[PDB]
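Heads up, the chain below is alone and in the form deposited in one PDB entry; it's given as structure tokens.
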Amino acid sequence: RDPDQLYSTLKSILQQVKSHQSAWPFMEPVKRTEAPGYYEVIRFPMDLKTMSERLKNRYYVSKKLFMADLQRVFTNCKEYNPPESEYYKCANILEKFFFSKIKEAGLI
């Protein structure tokens, strides 16, 4: 009602974010191969697989914890990448999608 309604709603939102066509940069921990020096620059890495695990592990006891993890994915992307890069574009597209899903669910 309180606790497991939240779990179901977050799982649904997170699964929908993950299936979106712009989610592909964010699906797994950034690979050093593909961004040597990423981990020198970004101090709190986050990605959607880590979020899936956190969710499964019952970490997301509130809306604000879930929002902070997902928002971190986007702020990492915008800190690391130039504004006209495909990655930055994907972040803003997926963020719009995310907020519509949050609103659609009445999450508060």
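Numbering starts at 1 and follows the sequence shown.
Below, we turn to the form solved in complex with a small molecule, even though it does not appear here.
- Remark: all three candidate residues (28, 38 and 77) come within 4.5 Å of the small molecule in the deposited complex, counting heavy atoms only.
- Using a 4.5 angstroms threshold between heavy atoms, residue 24 counts as touching the small molecule in the deposited complex.
- Residue 87 belongs to the set of residues with a heavy atom inside 4.5 Å of the small molecule in the deposited complex.
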